[PDB]
Every structure is written in C-alpha cells, then in structure tokens.
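Enquirer: The data below comprise the sequence and an experimental structure of the protein.
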Amino acid sequence: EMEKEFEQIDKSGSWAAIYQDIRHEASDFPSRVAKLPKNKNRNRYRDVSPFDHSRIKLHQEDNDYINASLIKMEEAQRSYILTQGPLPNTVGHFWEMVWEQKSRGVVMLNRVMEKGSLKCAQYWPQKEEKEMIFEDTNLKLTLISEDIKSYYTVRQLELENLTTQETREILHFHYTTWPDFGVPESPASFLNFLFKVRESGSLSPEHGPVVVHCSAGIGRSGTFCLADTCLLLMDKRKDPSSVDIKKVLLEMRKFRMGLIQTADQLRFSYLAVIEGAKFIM
C-alpha cells in the first residue's frame, strides 16, 4: 500500500532517488516533427517536444503541427490531451485542436504571469462584449459566463466555427492558486478542483479528450492526469492497493516526455492520491 511506501520514502528522505529511477526507466521515442525548422516558433521550450507516435495533428494541409500529445490510459478508459500554454502565434491552432478533437473542457493550471514573466498567451476573452476572432483558423470565441472562486475560476465559452456556423459550449477550468515556487502545502483544493472537472462531464467518454495545460504541459499537467487516473483505477480494481503510482506514471510517460518535473511534484501526487482515496473509500 502507497500510504506506507509514502512514510518509508518520507522518513528515509528518498524522494530525489525514486524520482531519478523514474527518469532513468522513462521511454524515449522520436520527436522528429517537433524538431523540423518550420516548427521552431510552434514550441515554447526547445527541450519539451511531443513524441511523433502520440502527437495531435491539426487538420490543416499546410502544417499539421502543434505541441500536444494524446495520453490514452486503456485500463482506466480515460484520454487526455496535454499541451503547452499557447504562444501568441499558436492561439488559433490551440482552438482549432479543441474544435477538431471535440473536447468539452480545457484545464489550465498556471497564471498568465508567474515569477514576473509570461507563461501563456491570454487565449480567452476577458469580457462578454469583446469576443475573439482567430482569422488563421476561422473560429470565434465568446465569454458567456465566469464564476470566480477562491482557488479556481470556471468559465463557459462559446466556440463558433465561422466556416460552418456550428457552435459548441466549452468549459474552462482555471486553477489560479498553484504557488510560483514548489507545490501546494495541502492537496485539498487541488482535489476539490479535480472533482469539479469530473462533475462537469468534461472527462467522460461521450466527449473528446480534455485539454490540459500549464506552461510546458508536463509538470502540473502531469500531476492532474496522474491523480485522476490513479483514483479511477482504485474504483475499478478488485484490490485498490494493486495501484502503483510509479507504474502508472511510467505508462503515461510513454505518451509524453517529462510528466512530473520535480521530486516535490512526485511527493504531491502521492499525497493527492492518498487523500483522494479517503473521499473514495
């Protein structure tokens, strides 16, 4: 059981050591499309690339590339798209991807500015009466409503395909309180946020995969998917304690590199799953 594994690693202070064994066992697949010179300005970080085998392709004939991966968790029956925070020049590609994949929810785990630098373009409208038009991808985005809470904001958005005049409702879940440095002290508000996303229907198989991002789409984004998948597997299995976080994380690392960026994020992920299991058992 992971609670006792947690005390062992914590009492022995072995988090950096566990973390390094995960780094050393992690998959390495080619990322040739990401490294093409025509794609250099579609990547926020030169060391964070989608693998070719799992990358999302845009349906535009010119250049199909976006920095985004499909993470398919076969046993849990959950998919996720993990992507970077959009750049000024990729906001239109981001919303094209949401449209094409039939996503219902976007999960944002960063602020637009952190540590005095921009982590993400402002890719949604701030006021009802000032909609955004993405001329490169022929989409319109309107803010319908905004519900601001202590730890997160939920926004209803309308996305309109200007080519076909179809509209969809998109839910934006914005976790606003992750600290600039380190991880939250308690996983309580993070779990509350994860249960709100679940309650919306955004993670359900009647929609396309949820889009999840932070700045790079690997660190905080990784913690979100890992916690969700581990708690779902504990509901599904005859023996909930057969669930090994380390194995789930390595299975997820087959689809996108670098998920869980620090030993502190690994410790936080254990704490989130351990605490979430109390609300589920």
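Expert: Yep, that arrived. Numbers count the residues shown, from 1 in each chain.

Enquirer: So for the protein, the centremost residue is which one?
Expert: Using Cα atoms, centre = their mean, the residue of the chain that lies closest to the mean C-alpha position is residue 212, 2.5 Å off.

Enquirer: Can you tell me what sits against the helix or strand it falls within?
Expert: Residue 212 is part of strand 210-213 when elements are defined by DSSP states H and E. For strand 210-213, the external contacting residues (Cβ atoms under 8 Å, 6 or more residues apart in numbering) are 68, 79-86, 97-98, 101, 103-110, 120, 197, 202-203, 221, 224-225. Any C-beta I mention is one placed from the backbone N, CA and C, and that applies to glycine too.

Enquirer: now do 7 Å
Expert: Strand 210-213 is contacted from outside by 80-85, 98, 103, 105-108, 202-203, 221, 224-225, using Cβ atoms under 7 Å, 6 or more residues apart in numbering.

Enquirer: Then stretch 217-232?
Expert: Stretch 217-232 is contacted from outside by 48, 71, 73, 76, 78, 80, 82-84, 107, 109-110, 178, 194, 203, 212-214, 243, 245, 248-249, 252, 256-261, 265, 268-269, 272-273, 276-277, 280, using Cβ under 7 Å, 6+ apart.

Enquirer: And the strands in this structure?
Expert: For the chain, the strands defined by DSSP state E occupy 55-57, 65-73, 78-83, 105-108, 113-114, 117-118, 132-134, 139-148, 152-161, 167-175, 210-213.

Enquirer: gap between the fifth one and the chain center?
Expert: Relative to its chain's centre, strand 113-114 lies at 18 Å (Cα atoms, centre = their mean, to the nearest Å).

Enquirer: Do a quick rundown of the helices in the stretch 151-281 of the chain.
Expert: For the stretch 151-281 of the chain, the helices defined by DSSP state H, counting those that start in this stretch cover 188-200, 220-236, 245-252, 263-278.

Enquirer: Comparing these, which comes out most buried?
Expert: helix 220-236 (a mean of 23; mean count of other Cβ atoms under 10 Å).

Enquirer: what is the orientation angle of that helix with strand 65-73?
Expert: 20 degrees (axes from the mean of the first three to the mean of the last three Cα atoms, to 10 degrees).

Enquirer: quick one, helix 220-236 and strand 78-83 angle?
Expert: Using the same axes, to 10 degrees: helix 220-236 against strand 78-83 is 180 degrees.

Enquirer: Tell me the bridge partners for the residue nearest to the centre of the chain.
Expert: With beta bridges defined as DSSP bridges, residue 212 has these partners: residue 82, residue 107.

Enquirer: That one and residue 182: what is the separation?
Expert: 20 Å (Cβ to Cβ, to the nearest Å).

Enquirer: swap in residue 109?
Expert: From residue 109 to residue 182 the distance is 14 Å (Cβ to Cβ).

Enquirer: same question, residue 100
Expert: In terms of Cβ to Cβ, residue 100 sits 36 Å off from residue 182.

Enquirer: With neighbour numbers in mind, choose between residue 109 and residue 182.
Expert: Neighbour count, other Cβ atoms under 10 Å: between residue 109 and residue 182, residue 109 has more, with 24 against 11.

Enquirer: residues in contact with the more buried one?
Expert: 175, 178, 214, 220-221, 224.

Enquirer: If the residue lying closest to residue 108 once chain neighbours are set aside is in a bridge, with which residues?
Expert: With Cβ to Cβ, 6 or more residues apart in numbering as the criterion, residue 108 has its nearest non-adjacent residue at 4.6 Å, and that residue is residue 174. Residue 174 has these beta-bridge partners by DSSP bridges: residue 108, residue 153.

Enquirer: and the nearest residue to residue 136 once chain neighbours are set aside, what is it in contact with?
Expert: Closest residue to residue 136 apart from its sequence neighbours, by Cβ to Cβ, 6+ apart: residue 92 at 4.2 Å. In this structure, residue 92 makes contact with 134, 136-137, 139, judged by Cβ under 7 Å, 6+ apart.
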